[PDB]
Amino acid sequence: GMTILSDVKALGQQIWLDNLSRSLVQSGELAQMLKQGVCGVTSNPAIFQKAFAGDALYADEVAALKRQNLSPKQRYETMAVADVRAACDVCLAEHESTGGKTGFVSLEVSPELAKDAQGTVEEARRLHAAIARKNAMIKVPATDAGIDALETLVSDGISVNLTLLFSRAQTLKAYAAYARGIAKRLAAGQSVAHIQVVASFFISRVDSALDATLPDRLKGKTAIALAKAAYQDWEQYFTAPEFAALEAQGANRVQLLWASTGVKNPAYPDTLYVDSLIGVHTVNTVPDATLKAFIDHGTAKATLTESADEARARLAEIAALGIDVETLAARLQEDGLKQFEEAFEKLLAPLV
């Protein structure tokens, strides 16, 4: 039942909604969910393409914007920023009630900037300013350029959602870049206590990529095993003396965010990823249908840290079979950028 969302909160995990649309906000639905266990919102270009195509409340906004001398991209941004700002205002009470630790809404920069650190910084700074809300995060793909940009944006005091992570190595590089940005601010005597960063580490896409050629003992196991090991990396990084010195001065840890947590194979229980990845100081962003399933028949237990030994043994067998999870991760990141760019192009065409 719905109290499962407060049980998960008590176990230390935030549940966010992996969807956004004009009607979600205008109807009052988002506000009601913020009172009843949902703590934040994520978007991406695929989510906006579907929203723009399906939600009748955009039609008049598009008609209005087609009266103006604006590029399709700016028409998109006007729409998307307005949805995000409004969602931020819905989430603000929640955000303030936790000292700015929850209640965030994420907006992604243009996918075509993904390998351009400067351009990414410039767009992220602009979108942060355009939204004009303390509880907005700018979402940036975790390419090498993205991690360069992360360090700059953190040093600028901007909260960031680093996305399309599939790699423990690339996640650790992101933590080190965050720590450099924080340290720069502390040395400059600047505030860091409200800067928040999440690392959106994708789940179902790993299983989708591998399962058809894995032996049955490993099917549906790899993504969770990778996440479990990533969380152990996280504990080790952030408890080390180097970070503890920053946290003592008010720095926030980055938090892992489980993304792509809808189940994509009907052979697996639809609550598999939410049920399996609950642990303290994490986020899980879930699509509507998965939130529904979790409320109906999910389980709230501290599962993320259970059976780490077996996670590691399975990752050892994945390697034994010849699957290089770093190669896989890079491929998945590149495919995810291509797909987001496809979605973005599809969104823009009706705005010409």
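The first residue of the sequence shown is number 1, and the count goes up from there.
Set 77 to 85 against 182 to 190 and average the Cα temperature factors; 182 to 190 ends up higher.
Stretches 308 to 316 and 285 to 293 differ in mean C-alpha B factor, with the higher average recorded for 308 to 316. Out of 270, 123, 275, 94, the entry records its largest CA B-factor for 94.
Listed residues 253, 219, 228, 168 were ranked by CA B-factor as deposited; 219 comes out on top. Among the modelled residues of its chain, residue 196 has a C-alpha B-factor that falls in the lowest third, as given in the PDB entry. Among the modelled residues of its chain, residue 100 has a C-alpha B-factor that falls in the highest third according to the deposited record. Remark: residue 156 belongs to the highest third of its chain, ranked by C-alpha B-factor as recorded. Among the modelled residues of its chain, residue 243 has a C-alpha B-factor that falls in the highest third, as given in the PDB entry. Looking at the C-alpha B-factors along this chain, the one for residue 117 belongs to the middle third.
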